Structure formats: C-alpha cells, structure tokens
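First comes one chain, alone, set out as structure tokens in the form deposited in one PDB entry.
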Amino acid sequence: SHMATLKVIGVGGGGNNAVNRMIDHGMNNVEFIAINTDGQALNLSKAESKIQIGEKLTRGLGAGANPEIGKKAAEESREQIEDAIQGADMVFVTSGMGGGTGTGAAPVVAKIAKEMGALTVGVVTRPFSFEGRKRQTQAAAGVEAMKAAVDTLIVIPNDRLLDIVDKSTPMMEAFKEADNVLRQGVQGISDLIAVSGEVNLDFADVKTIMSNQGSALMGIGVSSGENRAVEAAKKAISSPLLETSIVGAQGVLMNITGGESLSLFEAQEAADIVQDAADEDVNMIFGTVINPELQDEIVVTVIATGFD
C-alpha cells in the first residue's frame, strides 16, 4: 500500500560521476538528480533532472576548489533543489569531499532534503593522500558538515582503493568499486521495499534504523554452497573501502533472501555473525524473503548504525 520514492543526488564532479556510472549500470525505480556548478560536466550527465547551481558566482565553471562558493551556490538555488526533491521519502546524496562544489553544496542539499521530509543518507569520499593535506583538511570539514546535515553518513576514503588494486587496475575500474557501496545500498533498500517478505521489513524499519543515527554501514553479500549463510553474512559486513566498520554497531537491519531451502539454522548462523562482529548488544530488525526462483544462492543485506 505504501511505495517509497528513492532519489539519488550527485553533487559536484565525483558525485555526478557516480550518478552517471550507476545509470549506466541500470538502476530502476530510483530517480537521479545531478547538481553541479560545472556546466561542462553537467552537460554530459545522464540524469533526468539536472540543476546548474551558482551560474552568477562561477559563470558556468566549477568552484575552483573553494567550498564557500559551492555552499553559496547551493543556498541560492534552494528553491530549485526543493522542487527536484519534493515527494522523496529517501534521498542519497553522493559527493567527493575536498573540492569546492561537493564540499560546500552537498551539506546544503542534504539539509534541504531532510527539511523536506526525506530520510537522508550521505555517501561521500575523502581524497587520496597524494592530493595533499589542504584537500584533506577541506574534505574533513565537508565530512563534518555532512554529518550535521544527514540522517546517516557513509565515508569512503579514496586511499582504500589503493588496497584493492594491483599495479595495473584501471582507475575507472577502481572508481566503480567505490560506486558499488552506494549502488548496492540503494538497490538493497529498493528490493526490501519492493518485495513482500515472509518476515516482512519495510521502509518504516529503514527509518527506525537510519533516522538521526550518525555513521552507517550498508552491505550486501551473496553466496552459495556449504556455509553459504556465514559466507554471505561476512561479505555483507566486510568492505575494505569503509571508514566505519561493523564494530560497535548498536542497530542493525538485516534481511536474508533465499529459496525454499533457507534453513532456520543458517539464518541464526548469519545473524550470529553480525551480532558477534558488532561486538555489541545490537538492536536487530530481522527479515526474511523466500524467492523460489533462487536455488542455492542466499543474499544477506545489512544496514548498521548506532556507533557510539
């Protein structure tokens, strides 16, 4: 009876790159909004909804690494941003911290979304160390501003990409690995909303776990065979790309999807993996979906919050 509206908003260059790559991948039932100062980059956006901010400040250029210009640009386009958001039940704001537009405009966009009634999740990167300390300090201020503006925040330090590449992995391939954090989080929530579970979770449960909750982890794991449930649960909670690990989580939304063979025993095994990894007394909202078209694969979705 309730069908939640999810939007993904890219802010600045890195955020709009993420939006374009997610659209290429193919999302469905998610709406995308592209926000930038940089008219050149914005012109190449694949997003249905595009908002050029700050044209009077920048003349259609980017913000030249000045976050105050990104912030003013967003504020002066508040009404256009409100209009594009209106109706969203959930908004993901994605941005690369450290430049001028994401750093300054992304917290404004998040504040607007939350004031408009949307559950508001930020997924942002910190710069590579090779970009230098000024970029890092500027990024840190953006992260802090994002935390103040969102319901929950996922931070991806770009330095962690250096942990998952070999000497030849293309830069674009590494970037797609960072994108997956947002894409699979969005997809997991979309699927949770769309499908009726045997133990049914819904958007009210997402809100309980994510509303006004600080740092977050969103993870998906898929596995087959023996120890599938343990293996899928470990994959869901163990991304090498995250600033915030599962350790310390006090609230967890966990959904297990499997075929008719999904056993009670393996459901407990998977839940225990998350409980034990948290190393906390976690408040868990547990769900299950039986998809008969699944044979031997199991999918574990985890949203974790409450680090404190």
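Residue numbers here begin at 1 and follow the sequence given. Between two forms, the rigid core is the largest collection of C-alphas that superpose within 1.5 Å.
A second form of this protein, the form deposited in another entry, is not displayed here; the remarks below concern that form.
In the overlay on the core between the shown form and the other one, a shift of 2 Å or more in CA position is seen for a single residue of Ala88, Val108, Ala229, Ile154, which is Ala229. Relative to the superposed rigid core, the position of the CA of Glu79 differs between the shown form and the other one by less than 2 Å. A movement of the C-alpha atom of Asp191 reaching 2 angstroms or beyond is seen between the shown form and the other one when the two forms are aligned on their rigid core. Here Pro127 does not count as shifted, since its C-alpha moves by less than 2 Å between the shown form and the other one after the core is aligned.
Relative to this form, in the other form the C-alpha atoms of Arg135 and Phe175 approach one another by 3 angstroms or more. A shift of at least 3 angstroms brings the Cα atoms of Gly142 and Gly185 nearer to each other in the other form than in the displayed structure.
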